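1. Below: the sequence, then the experimentally determined structure.
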Amino acid sequence: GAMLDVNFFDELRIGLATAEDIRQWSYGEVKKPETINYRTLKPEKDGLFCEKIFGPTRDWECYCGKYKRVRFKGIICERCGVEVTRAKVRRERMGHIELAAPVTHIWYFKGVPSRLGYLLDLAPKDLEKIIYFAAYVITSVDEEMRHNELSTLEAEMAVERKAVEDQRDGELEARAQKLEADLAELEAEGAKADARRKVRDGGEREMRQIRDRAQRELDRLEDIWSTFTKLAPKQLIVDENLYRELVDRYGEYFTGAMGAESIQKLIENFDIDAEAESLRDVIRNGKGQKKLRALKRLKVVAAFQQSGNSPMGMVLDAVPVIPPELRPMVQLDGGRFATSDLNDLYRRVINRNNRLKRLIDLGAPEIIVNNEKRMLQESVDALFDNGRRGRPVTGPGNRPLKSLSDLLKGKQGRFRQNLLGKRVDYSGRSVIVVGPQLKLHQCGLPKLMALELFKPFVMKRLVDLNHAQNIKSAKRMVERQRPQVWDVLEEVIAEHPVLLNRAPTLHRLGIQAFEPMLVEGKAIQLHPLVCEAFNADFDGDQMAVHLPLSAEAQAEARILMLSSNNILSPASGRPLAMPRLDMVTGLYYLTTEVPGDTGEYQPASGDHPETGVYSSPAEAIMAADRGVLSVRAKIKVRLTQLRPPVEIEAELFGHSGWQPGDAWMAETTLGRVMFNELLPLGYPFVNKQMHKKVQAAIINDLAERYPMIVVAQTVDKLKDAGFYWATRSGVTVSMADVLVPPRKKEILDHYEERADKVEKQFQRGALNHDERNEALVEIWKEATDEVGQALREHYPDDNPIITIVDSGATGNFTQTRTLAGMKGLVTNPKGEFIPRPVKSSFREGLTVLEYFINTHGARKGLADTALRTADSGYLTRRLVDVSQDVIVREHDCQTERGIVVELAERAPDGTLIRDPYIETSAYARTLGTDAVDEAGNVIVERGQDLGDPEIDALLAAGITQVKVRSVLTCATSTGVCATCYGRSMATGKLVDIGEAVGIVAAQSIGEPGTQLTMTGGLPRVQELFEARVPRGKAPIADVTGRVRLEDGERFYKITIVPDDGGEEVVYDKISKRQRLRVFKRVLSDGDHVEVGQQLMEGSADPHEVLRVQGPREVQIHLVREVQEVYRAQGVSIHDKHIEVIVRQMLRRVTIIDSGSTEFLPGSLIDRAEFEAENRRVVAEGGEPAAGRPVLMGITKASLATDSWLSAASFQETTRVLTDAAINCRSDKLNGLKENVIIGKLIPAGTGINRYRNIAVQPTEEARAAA
Amino acid sequence: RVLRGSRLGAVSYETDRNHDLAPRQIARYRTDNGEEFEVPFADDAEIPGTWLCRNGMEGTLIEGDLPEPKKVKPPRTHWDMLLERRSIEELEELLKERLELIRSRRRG
Amino acid sequence: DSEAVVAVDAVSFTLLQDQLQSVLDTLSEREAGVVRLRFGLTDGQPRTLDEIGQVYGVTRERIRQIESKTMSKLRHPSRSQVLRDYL
DNA sequence: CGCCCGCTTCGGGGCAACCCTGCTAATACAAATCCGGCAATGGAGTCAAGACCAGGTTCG
DNA sequence: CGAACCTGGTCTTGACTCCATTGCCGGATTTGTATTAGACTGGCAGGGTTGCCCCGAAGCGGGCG
Ligand SMILES: [Mg+2]
Ligand SMILES: [Zn+2]
Ligand SMILES: [Zn+2]
């Protein structure tokens, strides 16, 4: 318990506040609805800025001005009444309002479900009639006094009732007498008979009025007596006239009130524990909806019971006041004041409170009093949450007022806006330009920008040098820029790393740390090899620069986020510093082999010798600088500094063909010799044509064998050589080089006559519109592939357009085909194909109509790209929401469970073909089991990193199934262990004990959503993680046996005959849109199916395969399903990321039978907590609850969180926060989300206690030596 | 384009000298419903008996030095609004009228 | 916030106090004590001529003479170039 | 061969969120508060001389 | 080496001089309260929109006497 908050935080307990605590918090009672004088502009006494209450605005100056010194501190001047202090206590100090009438807090009344409604067990739609003064309610009654007086009371009730009988006796008698008088005055004279009968009828209807008036009075009396006999608490007297005519009789036997004080009384004469035991008995003995409602009530009742709370605080008596600096009235230039929109609500509350108080002190009739009380209640409701009930209170021009709860909820809510971001000091941004001469661990930087960034540093250093007397003339010199300041700026920028970021940050390499260096210009020079990581083209995209300050921050930037240390993917291990667009073409030209070239080797010898060899590559360089040798010509050098390949090396020298001394010949080109000069000394000769895939394999080889700093230098040298030979490559684009295929026109004639026949057959009407459209689509796709085929065979290889593509720098062949040839089918704006199609190339130039058709697909693609990047950001949000609490905490859990990998299946001959998806699956893993070769040796021992050579040895040994570890089977309670995680994909070594693998997995999954070019795309992925029911919902089997297959009327009627004696599982609602699954051949009636065999084509729900075949099968299914989509977009993702995500899905289990230890059926609790409490409860209470494994969605998993602050910002923040306060659930601050929000050093990376508490001393020997 | 404002409060910058302060007194004030409040006054300061405390109600000084309790007047009564415009004999006539009225109502 | 902390002025005022104490300690003890008690630079309260002549046991006139002499001694640009730069 | 209730499903209603859309006139009077101008000052500073020699500097 | 002498200041003394600092009275203005007698006795933006959950009711089936 520490309100001054000095840095030893452990817990954060939210709790409901008593009115005693509220008046304990405050430093005074505000009681006047004033803010500030209009004239002197000083705050008023007893107002919402009262310096007597809230505090001084002038640092150590009281209000009356008697004391104005800091030596006068902690005293209160007797005139002004103000504690003289520092003027930022007005940020902290709160005020309160003692009310005249009680008020309910709105969060316990107008939520879902109604907390007051469950606590009282009353209807909310009747409770609103209570608290808004529409209905009286009996809050107490004396039952024994009625019980022993009630015979006398019903005797006087009979006396009361007999009086109405005497009344109607007298009235009917006098009216019968008066009608006899009407008869005597009708029969003594002569008149028309019907008027006399109408006088009779008048008399009879009058005595009818008498008798039913009497009957109605008796009904009222028997009703009010029945109400008095059936009188009890929690009874509501609606329409109040019964109450008003009631209370005067027997008011000494009951108390019935109206409004919030009645609620207060009902809470006061209330045991929780009697109704607690009552609800325990009801859930002990009940059934169905009654017991379900009893459970739903017992939730909040046991919540109040278990904690040290009290439901007395649910009603409110004293309302606190937020400190005024949080709601300030700042002036602008000219006295235009800027309030904070809470002050209006507070003024409404203060005014209505004082009006009520004056009405009570005056003595007022009842309607005005209850009116003012209801207005006070609605005022406090508008204060807390405007628009929660009824109509939102607005201000000028019907804009609704920001309430107090509006600070926390919604878009501008306090949680989310804190979670969104903060603008920071020591930062900057500019547009970026390429820096192709720079080192990899560098960045160019505009000097006028760094002059502002590093300004306190350069001020300190030119105070150290005697260039200024102080810091003030130093700052003035920085403004005046005296040219020695540039030298001092160089000195202070020397060895001080900075951060760089391109918005948006897609993944971990969106932030990197470079060494700055002062460059002319005003743009940020970026190294070109990190453009792939930043996804930064130079079309004008800006980047943001930050700056670390502390020594820890400089260390983290220098070591972690440095350029040279982050080369590979965090996603799938392949490098991102790899050469690209230009330098790939450069090196491809540099290493390609061209026969028929100048100075080419020939072995043939006439009178001359063969005349092709060269003794040294230096001689080759000389003979190439003279115009004899072309570079790409094949020659036979003698090499003395390069390592020969394994064939030649093992052939010559056997033990080691060690290139520092050895000398050997080879037939290559000069270019490949210069190329292998870039590669390090230990690496063998390559002698291939450098495709981008070849270079990727080379850099993977280097990173897996050699240290990183070697690889960074190698890639830098490759960048330089690639640019230098991208210059000489001669790759230009002329329109004379966009050659057209000559027999294109006759192909167009061919398929035009075919399409003409098809459309003429449609004009016959023999086939419909759809079939002819599909035939046109297929014919023009055939023509498209025909033209592309002819184009592909027509181009020579030195055509630069096909050269760039075949090198693999950029662009597929279809863009070349649409450059020269035929565009083909352009889409419908719906998504179909336009059957015309475009028959021309861009070099031919389209028509008006063709270009107008192309516009549809172009604009649709742009809008789709915007929608995709927004929704991919949202999915990345959801993945970070789930996986934020999975870090490595232990080295090894030391289980022996674990998954198996398919791992290069054999042939029907038996030939082990390599499975294509091994690199995403089997690599970077640790074997939890051994591998033996037909009971031979152990080829790979338990727990080895499973990189390339040992997997190649397993392919040599001819085994395909290995039980390998996973995070699905890690036995640590709090996250994962390191050995089940395996190799970290970016380091190349084993993962550490502090890595936040969850966030790495989240970014690795969420990143290629922009490249996910489309239910087969991003919403498919999203509903797979949301675990929703599929639209392609197809049945899977339940047991083996042949099928009862049938396709009846207009949809499918398919059943399954079980192999065992069992029921046929009936599958009724299968539409004809589904189709029969092809598997093993096409499915047929009478096929013996598996247990997990899918009936139709499509995608079953994972809930069914969980319910049938458990967790292992559904994990194996989900990984394969999501990975298949990322295969379909050609994006390699390692599977352990999806493993981490699905592990978070399968944490919690349901309850179907309670056992005997505080369990509601259907509750979702963690599995490990469940198993631990079971192993405790088997002794002394041994009823193990029946738990079932359940698959919960990612949003559902997020909402089933640990802490309230851990959730706090997702969905119904109010509803989270209210029962968070009801449960009084304290936080433990174990995730990183909360520690970010409170700004604590998070328990990840550099933050865990193993690394935080490192003792540092020198070695004692060197300590003595120095 | 840039706009600024000013919270009307002085921001002075000295050092938080914890050791050297003006010495001060503490006076115990008591409210009505048994609540104690101790208010830090200066040494050179007269201690007022009456006080508006942190409780918000009026709090008096704990030593009974007897400040003057009210020395005020009631604002105006409904009796005063009546008596400033009517006669006591007229009110007597109305009173005897209503007395004879409840007479005639009650016993006949 | 035009009434916020400029944050360079704070450390400038700190350095002002620091080199101010240095320059006040360049002179003798009685003179520095006179200036500090006169302008309240050691406590915050300017003790007048009576209090200074009380704490040194001397007339008001002697305190006035000593203070005038300290004003004469401070008025050297050699002593006060760094002080001139402070305003 | 009927009975009776419990399960399931549809359906409507309510609630959270969010944007659109609209978007009579003095007087009487007292009480308080301010401010304006002499007038007690005594205090806080300020010229001016003068006395205390004490110690280096001058002449013998 | 001793008398003559100017200057280190050092501090006292009176004598004066300016000035805030209450204080008091008189006036100015400023704010708060009470009082106006012909009769004159119940309105209004919300509005919608999506979506999701929750309870009520309906419909039906199934296990029972
Ligand atoms: Mg761009
Ligand atoms: Zn004050
Ligand atoms: Zn493990």
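-> Arrived safely. Residues are numbered from 1 along each chain as shown, chains lettered A, B, ... in the order given. Ligands and ions are numbered 1, 2, ... in the order given.
2. residue of the stretch 501-650 of chain A with the smallest distance to chain B?
-> Across the stretch 501-650 of chain A, no residue is closer to chain B than residue A:542, which sits at 20.8 Å (CB to the nearest CB). (Each C-beta comes from the backbone N, C-alpha and C, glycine too.)
3. I'd assumed residue A:430 was in contact with that residue.
-> Yes: with contact taken as CB atoms under 8 Å, residue A:542 and residue A:430 are classed as touching, separated by 6.3 Å.
4. Specify which residue of these two has the higher count of neighbours.
-> residue A:430 (16 against 13; other CB atoms under 10 Å in any protein chain shown).
5. and residue A:1104, how many neighbours does it have?
-> Neighbour tally, residue A:1104, other CB under 10 Å: 15.
6. Please name the residues that touch the residue lying closest to residue A:412 once chain neighbours are set aside.
-> Take residue A:412 and drop its neighbours on the chain: the residue closest to it by CB to CB, 6 or more residues apart in numbering or on different chains is residue A:406, 7.8 Å away. Contact partners of residue A:406, counting by CB atoms under 8 Å, 6 or more residues apart in numbering or on different chains, are A:385, A:386, A:412, A:413.
7. Output these as JSON lines; include the columns neighbour count, distance to DNA strand E and secondary structure.
-> Conversion of the contacts of residue A:406 to JSON lines gives the following (neighbours: other CB atoms under 10 Å in any protein chain shown; distance: CB to the nearest atom of the strand, whole Å; DSSP: H, G, I helix; E, B strand; the rest coil):
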{"residue": "A:385", "neighbour count": "20", "distance to DNA strand E": "15", "secondary structure": "coil"}
{"residue": "A:386", "neighbour count": "21", "distance to DNA strand E": "12", "secondary structure": "coil"}
{"residue": "A:412", "neighbour count": "12", "distance to DNA strand E": "17", "secondary structure": "coil"}
{"residue": "A:413", "neighbour count": "18", "distance to DNA strand E": "19", "secondary structure": "coil"}
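8. Chain A contacts on chain B?
-> B:3-17, B:20-22, B:24, B:39-42, B:45-48, B:52, B:54-57 (CB under 8 Å from any CB of the partner chain).
9. Strands - which of those residues land there?
-> Those of the residues of chain B next to chain A mapping onto strands are B:5, B:6, B:24, B:39, B:40, B:41, B:42, B:52, per DSSP state E.
10. List only those of these flagged as buried.
-> B:5, B:24, B:39, B:41, B:42, B:52 (16 or more other CB atoms under 10 Å in any protein chain shown).
11. Could you list which residues are in contact with the residue nearest to the fifth one when sequence neighbours are not counted?
-> Read that as residue B:42. With sequence-adjacent residues excluded and distances taken as CB to CB, 6+ apart, residue B:42 is closest to residue A:75, at 4.6 Å. Neighbouring residues of residue A:75 by CB under 8 Å, 6+ apart: A:67, A:83, A:84, B:22, B:24, B:40, B:41, B:42, B:45.
12. rerun that using 6 Å as the cut-off
-> B:24, B:40, B:42 (CB atoms under 6 Å, 6 or more residues apart in numbering or on different chains).
13. Include distance to ligand 1 when you put those into CSV, please.
-> Shown next, in CSV, are the contacts of residue A:75 (distance: CB to the ion, whole Å):
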residue, distance to ligand 1
B:24, 67
B:40, 65
B:42, 68
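14. need the residues of chain C near chain B, please.
-> For chain C, the residues in contact with chain B (CB under 6 Å from any CB of the partner chain) are C:2, C:3, C:43.
15. again, only using 10 Å
-> Residues of chain C that fall close to chain B, judged by CB under 10 Å from any CB of the partner chain: C:1-5, C:9-10, C:13-14, C:17, C:42-45.
16. ok, so of the residues you listed, who is nearest residue A:102?
-> Within those, proximity to residue A:102 (CB to CB) peaks at residue C:1, which comes in at 40.4 Å.
17. can I assume residue A:499 is in contact with residue A:505?
-> No: using CB atoms under 10 Å, residue A:499 is not in contact with residue A:505, being 11.5 Å away.
18. For the two, indicate the residue with more neighbours.
-> Taking other CB under 10 Å, residue A:499 and residue A:505 do not tie; residue A:499 has more neighbours (19 against 14).
19. what's the longest helix in chain C?
-> Using DSSP state H to define each element, chain C has its longest helix at helix C:9-25.
20. Ramachandran coordinates for residue A:1188?
-> phi -130, psi 140 (degrees, to the nearest 10).
21. these two touch, right, it and residue A:1146?
-> No: using CB under 10 Å, residue A:1188 is not in contact with residue A:1146; the gap is 11.8 Å.
22. can you tell me the helix or strand for residue A:522?
-> Counting by DSSP states H and E, no helix or strand carries residue A:522.
23. can you count the residues close to it?
-> So residue A:522, with other CB under 10 Å, has 12 neighbours.
24. Correct me if wrong: it contacts residue A:447.
-> Yes: between residue A:522 and residue A:447 there is a contact under CB under 10 Å: 8.6 Å.
25. now the closest residue to residue A:847 other than its chain neighbours: how far from chain C?
-> Nearest residue to residue A:847, sequence neighbours excluded (CB to CB, 6+ apart): residue A:840, at 7.2 Å. Distance, residue A:840 to chain C, by CB to the nearest CB, to the nearest Å: 64 Å.
26. next one: residue A:495
-> In terms of CB to the nearest CB, residue A:495 sits 25 Å off from chain C.
27. SS state for the residue in the stretch 451-600 of chain A positioned nearest to DNA strand E?
-> Closest to DNA strand E within the stretch 451-600 of chain A is residue A:504: 26.4 Å, counting by CB to the nearest atom of the strand. Secondary structure, DSSP: H, G, I helix; E, B strand; the rest coil: residue A:504 is coil.
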